[PDB]
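Below: work.pdb (PDB, C-alpha atoms)
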ATOM      1  CA  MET A   1     -27.674 -26.168  24.994
ATOM      2  CA  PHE A   2     -28.603 -22.540  24.345
ATOM      3  CA  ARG A   3     -24.941 -21.812  25.051
ATOM      4  CA  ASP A   4     -21.446 -21.902  23.558
ATOM      5  CA  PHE A   5     -17.789 -21.182  24.296
ATOM      6  CA  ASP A   6     -16.252 -18.973  21.613
ATOM      7  CA  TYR A   7     -17.598 -16.834  18.772
ATOM      8  CA  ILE A   8     -16.357 -15.092  15.631
ATOM      9  CA  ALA A   9     -16.869 -11.666  14.062
ATOM     10  CA  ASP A  10     -13.775 -10.835  12.014
ATOM     11  CA  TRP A  11     -13.568 -10.415   8.243
ATOM     12  CA  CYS A  12     -11.533  -8.761   5.491
TER      13      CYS A  12
ATOM     14  CA  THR B   1     -30.093 -26.744 -10.161
ATOM     15  CA  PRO B   2     -28.688 -25.293 -13.419
ATOM     16  CA  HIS B   3     -24.938 -25.282 -12.811
ATOM     17  CA  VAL B   4     -22.584 -24.085 -15.540
ATOM     18  CA  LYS B   5     -19.072 -25.536 -15.641
ATOM     19  CA  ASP B   6     -16.030 -23.327 -16.191
ATOM     20  CA  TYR B   7     -13.189 -25.825 -16.554
ATOM     21  CA  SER B   8     -13.209 -29.616 -16.798
ATOM     22  CA  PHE B   9     -10.135 -29.698 -14.563
ATOM     23  CA  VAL B  10     -12.547 -28.446 -11.908
ATOM     24  CA  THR B  11     -14.976 -31.030 -10.546
ATOM     25  CA  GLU B  12     -16.984 -31.591  -7.369
ATOM     26  CA  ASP B  13     -15.214 -34.746  -6.212
ATOM     27  CA  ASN B  14     -11.651 -33.436  -5.985
ATOM     28  CA  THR B  15      -9.471 -30.820  -4.291
ATOM     29  CA  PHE B  16      -8.048 -27.820  -6.144
ATOM     30  CA  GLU B  17      -5.409 -25.416  -4.838
ATOM     31  CA  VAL B  18      -6.242 -21.713  -4.741
ATOM     32  CA  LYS B  19      -3.584 -18.994  -4.767
ATOM     33  CA  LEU B  20      -4.206 -15.376  -3.775
ATOM     34  CA  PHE B  21      -2.392 -12.121  -3.016
ATOM     35  CA  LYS B  22      -2.196  -9.759  -0.042
ATOM     36  CA  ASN B  23      -5.120  -7.333   0.094
ATOM     37  CA  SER B  24      -5.732  -4.025   1.866
ATOM     38  CA  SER B  25      -8.428  -2.322   3.932
ATOM     39  CA  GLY B  26     -11.227  -4.275   5.602
ATOM     40  CA  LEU B  27     -14.874  -4.809   4.680
ATOM     41  CA  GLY B  28     -15.214  -7.696   2.234
ATOM     42  CA  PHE B  29     -15.658 -11.466   2.386
ATOM     43  CA  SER B  30     -16.227 -13.376   5.623
ATOM     44  CA  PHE B  31     -15.110 -16.739   6.995
ATOM     45  CA  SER B  32     -17.568 -18.758   9.074
ATOM     46  CA  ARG B  33     -16.203 -21.157  11.688
ATOM     47  CA  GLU B  34     -19.412 -22.129  13.478
ATOM     48  CA  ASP B  35     -19.489 -25.929  13.528
ATOM     49  CA  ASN B  36     -22.438 -28.131  14.473
ATOM     50  CA  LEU B  37     -22.111 -31.258  12.335
ATOM     51  CA  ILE B  38     -19.706 -33.247  14.505
ATOM     52  CA  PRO B  39     -19.017 -31.146  17.636
ATOM     53  CA  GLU B  40     -18.049 -34.386  19.374
ATOM     54  CA  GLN B  41     -14.361 -33.906  18.596
ATOM     55  CA  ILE B  42     -13.521 -30.547  20.167
ATOM     56  CA  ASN B  43     -10.372 -28.708  19.093
ATOM     57  CA  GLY B  44     -10.691 -29.437  15.377
ATOM     58  CA  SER B  45     -13.306 -27.060  13.984
ATOM     59  CA  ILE B  46     -13.317 -26.072  10.314
ATOM     60  CA  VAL B  47     -13.408 -22.919   8.196
ATOM     61  CA  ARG B  48     -15.794 -22.095   5.355
ATOM     62  CA  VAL B  49     -16.825 -19.120   3.227
ATOM     63  CA  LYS B  50     -19.955 -17.349   4.447
ATOM     64  CA  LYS B  51     -20.100 -14.134   2.429
ATOM     65  CA  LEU B  52     -18.563 -13.057  -0.875
ATOM     66  CA  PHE B  53     -19.072 -10.217  -3.350
ATOM     67  CA  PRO B  54     -18.145 -10.064  -7.084
ATOM     68  CA  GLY B  55     -14.969  -8.180  -7.994
ATOM     69  CA  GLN B  56     -13.354  -9.026  -4.658
ATOM     70  CA  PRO B  57      -9.840 -10.510  -4.330
ATOM     71  CA  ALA B  58     -11.517 -13.810  -3.540
ATOM     72  CA  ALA B  59     -13.732 -13.168  -6.559
ATOM     73  CA  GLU B  60     -11.120 -12.687  -9.274
ATOM     74  CA  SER B  61      -9.333 -15.567  -7.541
ATOM     75  CA  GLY B  62     -10.964 -17.552 -10.333
ATOM     76  CA  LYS B  63     -13.900 -19.365  -8.757
ATOM     77  CA  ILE B  64     -15.376 -19.553  -5.259
ATOM     78  CA  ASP B  65     -18.716 -20.465  -3.688
ATOM     79  CA  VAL B  66     -20.408 -19.745  -0.364
ATOM     80  CA  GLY B  67     -19.460 -22.883   1.558
ATOM     81  CA  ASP B  68     -16.059 -23.713   0.081
ATOM     82  CA  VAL B  69     -13.859 -25.870   2.305
ATOM     83  CA  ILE B  70     -10.269 -24.893   3.067
ATOM     84  CA  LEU B  71      -8.103 -27.856   4.058
ATOM     85  CA  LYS B  72      -4.791 -26.004   4.313
ATOM     86  CA  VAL B  73      -3.812 -22.348   4.660
ATOM     87  CA  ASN B  74      -0.298 -21.433   3.535
ATOM     88  CA  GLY B  75       0.683 -24.706   5.201
ATOM     89  CA  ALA B  76      -1.514 -24.352   8.278
ATOM     90  CA  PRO B  77      -3.757 -27.457   8.582
ATOM     91  CA  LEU B  78      -7.054 -27.257  10.464
ATOM     92  CA  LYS B  79      -5.244 -28.815  13.421
ATOM     93  CA  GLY B  80      -6.382 -26.589  16.282
ATOM     94  CA  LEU B  81      -6.330 -22.989  15.065
ATOM     95  CA  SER B  82      -7.168 -19.802  16.962
ATOM     96  CA  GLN B  83      -9.783 -17.304  15.789
ATOM     97  CA  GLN B  84      -7.099 -14.711  15.068
ATOM     98  CA  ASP B  85      -4.645 -16.942  13.211
ATOM     99  CA  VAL B  86      -6.670 -17.407  10.028
ATOM    100  CA  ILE B  87      -7.258 -13.690   9.478
ATOM    101  CA  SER B  88      -3.589 -13.042  10.225
ATOM    102  CA  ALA B  89      -2.764 -15.574   7.511
ATOM    103  CA  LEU B  90      -4.981 -13.746   5.024
ATOM    104  CA  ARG B  91      -2.749 -10.699   5.444
ATOM    105  CA  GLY B  92       0.332 -12.483   6.769
ATOM    106  CA  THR B  93       3.721 -11.091   5.760
ATOM    107  CA  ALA B  94       4.202 -14.117   3.510
ATOM    108  CA  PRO B  95       4.847 -13.309  -0.187
ATOM    109  CA  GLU B  96       1.742 -15.102  -1.446
ATOM    110  CA  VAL B  97      -1.321 -16.866  -0.050
ATOM    111  CA  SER B  98      -1.460 -20.531  -1.042
ATOM    112  CA  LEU B  99      -4.321 -22.617   0.345
ATOM    113  CA  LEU B 100      -6.045 -25.880  -0.565
ATOM    114  CA  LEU B 101      -9.657 -25.773  -1.741
ATOM    115  CA  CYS B 102     -11.992 -28.733  -1.327
ATOM    116  CA  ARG B 103     -15.434 -29.055  -2.906
ATOM    117  CA  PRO B 104     -17.137 -32.345  -1.900
ATOM    118  CA  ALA B 105     -20.291 -33.639  -3.587
ATOM    119  CA  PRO B 106     -23.827 -32.238  -3.077
ATOM    120  CA  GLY B 107     -25.320 -33.903  -0.004
ATOM    121  CA  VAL B 108     -22.324 -34.482   2.258
ATOM    122  CA  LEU B 109     -22.366 -30.971   3.713
ATOM    123  CA  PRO B 110     -25.400 -28.658   4.174
ATOM    124  CA  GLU B 111     -26.125 -25.446   2.279
ATOM    125  CA  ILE B 112     -25.426 -22.011   3.745
ATOM    126  CA  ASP B 113     -28.086 -19.350   3.216
ATOM    127  CA  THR B 114     -27.541 -15.760   4.336
ATOM    128  CA  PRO B 115     -30.180 -12.986   4.498
ATOM    129  CA  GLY B 116     -31.667 -11.609   1.282
ATOM    130  CA  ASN B 117     -34.943 -12.321  -0.505
ATOM    131  CA  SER B 118     -35.430 -13.748  -3.994
ATOM    132  CA  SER B 119     -37.314 -12.510  -7.054
TER     133      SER B 119
END

Will you turn the file into structure tokens for me?
Amino acid sequence: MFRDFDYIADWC
Amino acid sequence: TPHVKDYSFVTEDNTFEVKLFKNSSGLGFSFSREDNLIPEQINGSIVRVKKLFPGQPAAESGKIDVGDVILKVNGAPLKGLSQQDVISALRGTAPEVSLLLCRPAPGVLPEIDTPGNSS
């Protein structure tokens, strides 16, 4: 709910 | 939805392997891992293509679409994978990059839509 645990932001 | 076919061997109800080569420099395609369909079974997320430009390694690859589903990566199943393992596999020291590509039918999975207008 309006929250999370881990995120991503890596690419190539 | 006018969709042109490239090869009969390629359908929408089967899996097709996709081989690639080691690239260089950053800035290019992107892999989305944000799940929300069945977040009931933690530790088992999935990876999918979010962005992709023409003329890119993934481009020449032969054929790819924003949403593709990778079942295996160089022999690394989606069985609990970190957020730094995938990328590392894309540039791993391995000789070549062999991964399995899955393209279910239209309806099973949603459609990804990134910024950008239409005209």

Given only C-alpha atoms, how would the per-residue table for chain B near chain A read, listing every residue at most 12 Å away with its closest atom pair and distance in Å to one decimal, sorted by chain and number, as JSON lines?
{"residue": "B:22", "atom": "CA", "partner": "A:12", "partner_atom": "CA", "distance": 10.9}
{"residue": "B:23", "atom": "CA", "partner": "A:12", "partner_atom": "CA", "distance": 8.5}
{"residue": "B:24", "atom": "CA", "partner": "A:12", "partner_atom": "CA", "distance": 8.3}
{"residue": "B:25", "atom": "CA", "partner": "A:12", "partner_atom": "CA", "distance": 7.3}
{"residue": "B:26", "atom": "CA", "partner": "A:12", "partner_atom": "CA", "distance": 4.5}
{"residue": "B:27", "atom": "CA", "partner": "A:12", "partner_atom": "CA", "distance": 5.2}
{"residue": "B:28", "atom": "CA", "partner": "A:12", "partner_atom": "CA", "distance": 5.0}
{"residue": "B:29", "atom": "CA", "partner": "A:12", "partner_atom": "CA", "distance": 5.8}
{"residue": "B:30", "atom": "CA", "partner": "A:11", "partner_atom": "CA", "distance": 4.8}
{"residue": "B:31", "atom": "CA", "partner": "A:11", "partner_atom": "CA", "distance": 6.6}
{"residue": "B:32", "atom": "CA", "partner": "A:8", "partner_atom": "CA", "distance": 7.6}
{"residue": "B:33", "atom": "CA", "partner": "A:8", "partner_atom": "CA", "distance": 7.2}
{"residue": "B:34", "atom": "CA", "partner": "A:7", "partner_atom": "CA", "distance": 7.7}
{"residue": "B:35", "atom": "CA", "partner": "A:7", "partner_atom": "CA", "distance": 10.7}
{"residue": "B:36", "atom": "CA", "partner": "A:4", "partner_atom": "CA", "distance": 11.1}
{"residue": "B:39", "atom": "CA", "partner": "A:4", "partner_atom": "CA", "distance": 11.2}
{"residue": "B:42", "atom": "CA", "partner": "A:5", "partner_atom": "CA", "distance": 11.1}
{"residue": "B:43", "atom": "CA", "partner": "A:6", "partner_atom": "CA", "distance": 11.6}
{"residue": "B:45", "atom": "CA", "partner": "A:6", "partner_atom": "CA", "distance": 11.5}
{"residue": "B:47", "atom": "CA", "partner": "A:8", "partner_atom": "CA", "distance": 11.2}
{"residue": "B:49", "atom": "CA", "partner": "A:11", "partner_atom": "CA", "distance": 10.6}
{"residue": "B:50", "atom": "CA", "partner": "A:11", "partner_atom": "CA", "distance": 10.2}
{"residue": "B:51", "atom": "CA", "partner": "A:11", "partner_atom": "CA", "distance": 9.5}
{"residue": "B:52", "atom": "CA", "partner": "A:12", "partner_atom": "CA", "distance": 10.4}
{"residue": "B:53", "atom": "CA", "partner": "A:12", "partner_atom": "CA", "distance": 11.7}
{"residue": "B:56", "atom": "CA", "partner": "A:12", "partner_atom": "CA", "distance": 10.3}
{"residue": "B:57", "atom": "CA", "partner": "A:12", "partner_atom": "CA", "distance": 10.1}
{"residue": "B:58", "atom": "CA", "partner": "A:12", "partner_atom": "CA", "distance": 10.3}
{"residue": "B:82", "atom": "CA", "partner": "A:6", "partner_atom": "CA", "distance": 10.2}
{"residue": "B:83", "atom": "CA", "partner": "A:8", "partner_atom": "CA", "distance": 6.9}
{"residue": "B:84", "atom": "CA", "partner": "A:10", "partner_atom": "CA", "distance": 8.3}
{"residue": "B:85", "atom": "CA", "partner": "A:10", "partner_atom": "CA", "distance": 11.0}
{"residue": "B:86", "atom": "CA", "partner": "A:10", "partner_atom": "CA", "distance": 9.9}
{"residue": "B:87", "atom": "CA", "partner": "A:11", "partner_atom": "CA", "distance": 7.2}
{"residue": "B:88", "atom": "CA", "partner": "A:12", "partner_atom": "CA", "distance": 10.2}
{"residue": "B:89", "atom": "CA", "partner": "A:12", "partner_atom": "CA", "distance": 11.3}
{"residue": "B:90", "atom": "CA", "partner": "A:12", "partner_atom": "CA", "distance": 8.2}
{"residue": "B:91", "atom": "CA", "partner": "A:12", "partner_atom": "CA", "distance": 9.0}

Quiz prompt | Non-local contacts of stretch 70-80 of chain B (6 Å; all atoms listed in the file; under 5 positions in same chain excluded) as a VMD selection string | solution = chain B and resid 43 to 44 97 to 101

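Counting from atom CA of residue B:108, the distance to atom CA of residue B:46 is 14.7 Å.
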
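In terms of minimum interatomic distance to residue B:18, B:102 ranks closest within B:102, B:81, B:38, B:4, counting all atoms listed in the file.
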
Self-check item: Pairwise distance for atom CA of residue B:103 and atom CA of residue B:13, rounded to one decimal in Å
Solution: 6.6 Å

Exercise. Show which residues sit within 10 Å of residue B:11, as a PyMOL selection string. Count all atoms listed in the file, and ignore same-chain residues fewer than 3 positions away.
Key: chain B and resi 5-8+14-16+102-105

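As for atom CA of residue B:17 and atom CA of residue B:96, they are spaced 13.0 Å apart.
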
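With distances taken over all atoms listed in the file, B:10 is the one residue among B:110, B:10, B:21, B:117 lying closest to residue B:63.
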
Quiz prompt | Point (-27.1, -19.3, 3.2), cut-off 9 Å, counting all atoms listed in the file, residues as a ChimeraX atom specification | solution = /B:50-51,66-67,111-115
